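Values quoted throughout were computed directly from the atomic coordinates according to the rules given, and no laboratory measurement underlies them. When we count neighbours, we look across all protein chains shown, and the Cβ atoms used for this are built from the backbone with ideal geometry, even at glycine.
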Amino acid sequence: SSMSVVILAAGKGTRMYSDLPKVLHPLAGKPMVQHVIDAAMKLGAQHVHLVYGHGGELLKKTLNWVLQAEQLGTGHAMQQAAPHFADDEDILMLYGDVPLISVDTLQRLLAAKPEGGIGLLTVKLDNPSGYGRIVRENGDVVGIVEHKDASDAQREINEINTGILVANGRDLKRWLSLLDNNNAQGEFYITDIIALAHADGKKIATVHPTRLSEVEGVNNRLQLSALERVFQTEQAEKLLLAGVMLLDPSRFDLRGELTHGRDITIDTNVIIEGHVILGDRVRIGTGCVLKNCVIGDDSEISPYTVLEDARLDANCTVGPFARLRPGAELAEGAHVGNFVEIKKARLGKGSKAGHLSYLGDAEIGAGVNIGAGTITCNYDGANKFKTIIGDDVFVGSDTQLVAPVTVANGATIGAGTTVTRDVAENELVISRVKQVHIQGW
Amino acid sequence: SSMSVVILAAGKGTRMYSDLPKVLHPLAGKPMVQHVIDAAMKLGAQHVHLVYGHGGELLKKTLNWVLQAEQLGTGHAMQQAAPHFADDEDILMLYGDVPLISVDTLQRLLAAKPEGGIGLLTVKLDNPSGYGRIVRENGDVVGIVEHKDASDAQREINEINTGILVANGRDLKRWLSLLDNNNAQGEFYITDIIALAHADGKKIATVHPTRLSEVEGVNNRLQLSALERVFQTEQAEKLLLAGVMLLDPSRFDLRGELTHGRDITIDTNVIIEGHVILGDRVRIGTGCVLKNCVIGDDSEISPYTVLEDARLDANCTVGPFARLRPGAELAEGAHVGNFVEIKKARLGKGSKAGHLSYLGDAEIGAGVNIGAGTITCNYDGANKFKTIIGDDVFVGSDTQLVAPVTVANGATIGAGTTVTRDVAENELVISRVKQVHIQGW
Amino acid sequence: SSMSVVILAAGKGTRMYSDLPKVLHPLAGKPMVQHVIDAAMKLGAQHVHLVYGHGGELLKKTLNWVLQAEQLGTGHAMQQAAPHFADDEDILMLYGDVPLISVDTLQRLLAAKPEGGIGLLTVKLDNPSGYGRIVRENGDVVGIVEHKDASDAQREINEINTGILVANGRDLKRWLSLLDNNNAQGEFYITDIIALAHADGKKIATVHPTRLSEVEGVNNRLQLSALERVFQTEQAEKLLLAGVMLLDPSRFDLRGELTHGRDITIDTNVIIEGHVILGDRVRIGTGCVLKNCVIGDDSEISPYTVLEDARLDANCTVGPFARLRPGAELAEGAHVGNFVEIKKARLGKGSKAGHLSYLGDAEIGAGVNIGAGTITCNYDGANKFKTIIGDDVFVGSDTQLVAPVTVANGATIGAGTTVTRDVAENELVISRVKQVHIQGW
Ligand SMILES: N[C@H]1[C@@H](OP(=O)(O)O)O[C@H](CO)[C@@H](O)[C@@H]1O
Ligand SMILES: N[C@H]1[C@@H](OP(=O)(O)O)O[C@H](CO)[C@@H](O)[C@@H]1O
Ligand SMILES: N[C@H]1[C@@H](OP(=O)(O)O)O[C@H](CO)[C@@H](O)[C@@H]1O
Ligand SMILES: [Mg+2]
Ligand SMILES: [Mg+2]
């Protein structure tokens, strides 16, 4: 049948000690709640109903919005969404702070819901302390008892409520209408709806997650960090099984997506962010950070190199200690060495910038040698200007190129030159500065 | 009552293979024995009696000193300290190589000591092999039997001696006087004092540590490394619960103290040393090392940045690959980029040094742009001299400023300039060097 | 008796997803199969028979070669090697993808082989699923039953076949000749030889490895990564017990050999490759990579320093963010600072290159100060040339030395100089460039 989702995002995240709404805190670079939304979309949800208390502005700025003005609990929260439920759709209840719930588990949950009844996700814990206990009579679920209100006998129950469940909209709206708030907490308890479904003589079927981490909620940053490590380990293991050699999968982080070829080797402490594409036989040395980059076949990134919005073609070498900024592009066989920064600049085929250089806003040809210490002066304090270097140019060490300026093919620039005017094809330019020599200084 | 501590620091650390006395080997940046002293001071010890064998010079240089001339054992060691005990104080016995003993455990130990008797810290191990066994008769402690001298029946005992205990000074001095040395080892066994206390009809009460790591001793560097990881994990978890987001708490080290604000994010492989203070919303990228630094609100430290004795005001950005040395100071909104080293220099509000620069012994104003490749020549081979740069100065790329020299407000320095004489307000200075152009080179 | 080894290297490594033969994939910097060969040589093998299917070219290029033209299984594989066995030697069967098998285990295996019979290495697993089961009758091994062909009763057996075994050559050749291929797989099963040995009334003795990891095979990169971590942890623990202080042994990698002195400290995330030699009291900061280097007593390598084929004498300091390339050599007390690259260059006693410099193909004397920004121009686009700097030379900041060129003892080079001609003893050389000053720019 058809289905929509309600994501509860309206708890108080006091133990996060944060000014950022709890469900916005990221896991693997993505807000927790977005993990949950992604899963919902994968399930084929027709609507996603997001219930919130505060941070509504930032929530909408970041990500069907449903206000819960007073933090009066989950039952009350659902009461707020209930009018938006279709009588003819299934409604899946999820939490914005339970980010690792898997599509497989949810699919099995939807499959297990008995006609007219409820599908309830439960899990058996070694220590169920503090959790809602699943109450069964002769094997069938009839009730949930919260820890606080549970008796000593009930507290021996190990099967507990994850709070994730599915029911038909018409049925759900009915059960929510029958909730009672007259009690020691002054709130409606969502958990009472399973007893209410039972009262109507309807069935509550259960399924279990595959992993405990799937139904773990985040209330503080220690708990978020554990889930971060679980998720990173999962990603790392998939990459290994898919043929990427991670030299230490416990020291690898992916925060986005990695599209990869064959026989790649990634060394320790590499961080991949955004969407990165790696060709065949790429090697990434220790400590590198890549964000939104494309790296061509057989390229080698040496240790402690940082790249963002950069492109390497095949057979390129970069680093160690290089810094590629957005718009940095290396054509086939180009080389960028240590203590070199490239920004919005292209280095043509086989061209080399091996040391202690800044190349910004530059179009550099093929077969070019950029000597150590070369710098493009691309900024006048108001605007930025382009440097153009042709093919087969030799730029001597510690030269400044003062943009806008063009150096034609075949030219040679002497060490220590300040280039302010265009250089013609096959021209040598060199500073003829006079020195004083003083004997016996 | 009143209390003093005896710390035993006189064992042979042969399996450390070190020229540094064993108890001086650090854990989280602090000698093991100093952890123990700190705990003692927290307990309110009136005196700390440190018993040593060798390395006394270095020990005192590093940290009431009590010689044990001949390594004749713990009983003998205590005999050496006994004359310093007051008849009217409690004496707590600790070890310099058991660094994680907690104040809580010790407080409970002091509370459990029966009048006229002994408080003894014991622990139950899955494998008690090699440890002193606690001998009980009808539930009461009467004895300790060392493993070697224990029978097969005794060796089944899992409750073992940690060697940590407390007794009144007068009582202790008596029991120590009654120790016998005529045996297969020629030494007095400290453990005999519990049997001696029993002989006098006094009670020996026991308490247990909360964690096994609290009473683990260090005899080799493998054991020290395990304790280092335990301690770092504890620190990391406290920081997470306190609201600091560590993106991987297994790749975080604190060796000193971290004072922090709210909504801080620290990425993998960060090392914090000395005392570091972080404002709200500070972000620290992967690989950074901070030692004795103050970082203001909303500052961002990019990957692979090293800072020591440095100060950032609010909204500053530094790195990646920047190196801030002692006396480096950034005013609000300042920026230091890649391959820049700052030493005993201040960069004023909104001023920028983005690349490949060395700024030492310099006072730099607000609104200054330091071009790539700029270097302060602060050294003449004997002394060091200051560079002063006013507000709203534009320093062109690859300039050297030869100190002492002053550049006034509003000035502009052309690329490639060697500045040796003061520059006046709103002055442009630029090198007019002649070049040779040779066609067809 | 005398002994030879057969290493099976002819499986299909489909789940590696690699163009490199599976047994060539490295563990700790060394092909898996080379670990196995090393063990064989340590055992005193007279011959090593390597059976292969494909990748024979690359295998021989990388490492008695024995073709198995058709991947028809292990029995068939051994049939191919059998003619090379001496009737009067023991033959040990190993696998190229089981890299951590220990010499101790193998020695015990060889010792346990009964005259005329077989020594078989087996292991007891918590989950034996998918493994060959060891079949015993009244305690004696008579059979091996592969999982697939095993009954439900047989599958309860926890003792499984590692496939590692030893038998006399004459005996082995006989048993291999009697293998039957007429079955649902069309292959000879090596495991049948133990039933065949039993048929002849010979004994099959068993021994067990000390660690499970010793007999773990690699079929995919996830499995290789687990073995990599096991191996690195073993190496790290040995180094700690031997007296090297690793500040985090889970963040330490050795890919080769480390020869070390006393009281060394290595911080987190250090990678040692090739053969590295460290003197006493060397400290290595976080993030460093050392490959084929010799570091003298009391030297300190600061964070994020990369060295290859480099030599430091005693009391040297390098980094942070320094890059030493092959042929880099520092004499006693020399210093290389941040953003400095040294290649095929020697820095003499007490000489300093603290910042933003490139020194290549250079002989630099003692007592030299290399100012920030100094660069050797060692390349003309075709060849490379040497720079020679004498003792007690002061090179001013941002100087280029244009090789070949010699600077004699005692000389001083002014900031910003382009040195193209030899400098005489005690000479000051300095650029006298004229500037334009424009007021009110
Ligand atoms: N300094 C030059 C030298 O580098 P090194 O000798 O350090 O490799 O030659 C390289 C090519 O071989 C050039 O690209 C560098 O500009
Ligand atoms: N090279 C200049 C350029 O940097 P980039 O263009 O690399 O950011 O402009 C920056 C301000 O926008 C200046 O501080 C840098 O000195
Ligand atoms: N810039 C100089 C300064 O460095 P710093 O003042 O940054 O240590 O003096 C050092 C010696 O003291 C010299 O080697 C450096 O060349
Ligand atoms: Mg210059
Ligand atoms: Mg320069």
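Points worth noting:
- Take every DSSP beta bridge whose two residues both sit in the protein assembly as shown; close to 20 percent of them are antiparallel.
- Net charge over other residues, Cβ less than 12 angstrom from the Cβ of C:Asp90 (K, R count +1; D, E count -1): -3
- Average partner coverage of C:297-308, which counts Cβ from other chains inside 10 Å: 3
- Computed FRET value (nearest 0.05) for C:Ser129 with A:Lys124, which takes r as the C-beta separation and R₀ as 25 Å: 0.60
- Within the shell of other residues whose beta carbon sits under 10 angstrom from the beta carbon of C:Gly274, the net charge comes to -2, with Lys and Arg scored +1 and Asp and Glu -1.
- Segment B:374-441: radius of gyration and largest Cα-Cα distance (Dmax), Å: 14.3, 48
- Counting neighbouring Cβ atoms within 10 Å and putting the fewest first, the residues B:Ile134, B:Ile342 line up as B:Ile134, B:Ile342.
- Bridge type composition, segment A:374-419 - antiparallel percent by DSSP, nearest 5: 10 percent
- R0 of 25 Å, Cβ-Cβ distance C:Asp87-C:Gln107: FRET efficiency to nearest 0.05: 0.60
- Distance cut-off 36 Å, percentage of C-alpha pairs in chain A lying past it: 48 percent
- Exposure proxy order (Cβ contacts within 10 Å, fewest to most) of B:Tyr17, B:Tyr358: B:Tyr17, B:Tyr358
- Global form of the protein assembly as shown, assessed from the alpha-carbon gyration tensor, a/c cut-off 1.5: rounded
- When +1 charges are put on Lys and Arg Cβ atoms and -1 charges on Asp and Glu Cβ atoms, the dipole computed for chain B relative to its Cα centre reaches about 780 debye.
- Out-of-range pairs (alpha-carbon distance over 19 Å; input A:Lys344/A:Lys384; A:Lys22/A:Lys60; B:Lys113/B:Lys202; B:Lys42/B:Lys173; C:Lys12/C:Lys113; A:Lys148/A:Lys202): B:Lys42/B:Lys173; C:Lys12/C:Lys113; A:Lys148/A:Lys202
- A dipole drawn for segment C:1-219 from +1 and -1 charges on Cβ atoms has a positive end, and of C:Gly130, C:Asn64, C:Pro31 the residue lying farthest that way is C:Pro31.
- Exposure proxy ranking, count of Cβ atoms within 10 Å, fewest first, for B:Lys61, A:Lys343: B:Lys61, A:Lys343
- Computed magnitude of the charge dipole of segment A:376-441 (debye, nearest 20; Cβ of K, R +1, Cβ of D, E -1): 300 debye
- Residue among B:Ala334, B:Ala236, B:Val419 farthest towards the positive dipole end of chain B, charges placed on Cβ: B:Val419
- Cβ-based charge dipole, segment A:1-219, positive-most Cα from A:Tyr17, A:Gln154, A:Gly73: A:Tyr17
- Under the Debye formula (equal points on every Cα, no solvent term), log10 I(q)/I(0) of segment A:220-441 at q = 0.07, 0.10, 0.16 Å⁻¹: -0.28, -0.51, -0.98
- DSSP bridge orientation in segment B:1-219 - percent antiparallel, rounded to nearest 5: 50 percent
- Cα gyration tensor, segment C:1-219 - rounded (a/c under 1.5), prolate or oblate: rounded
- For B:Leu8, net neighbour charge (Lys/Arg +1, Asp/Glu -1) across residues whose Cβ lies under 15 Å away: -1
- Per residue, chain B reaches -5000 deg cm²/dmol at 222 nm when only DSSP H runs of four or more residues are counted, each adding -39500 (n - 2.57).
- Basic side chains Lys and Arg get +1 at the Cβ, acidic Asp and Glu get -1 at the Cβ, and with that the dipole of segment B:1-219 about its Cα centre reaches some 440 debye.
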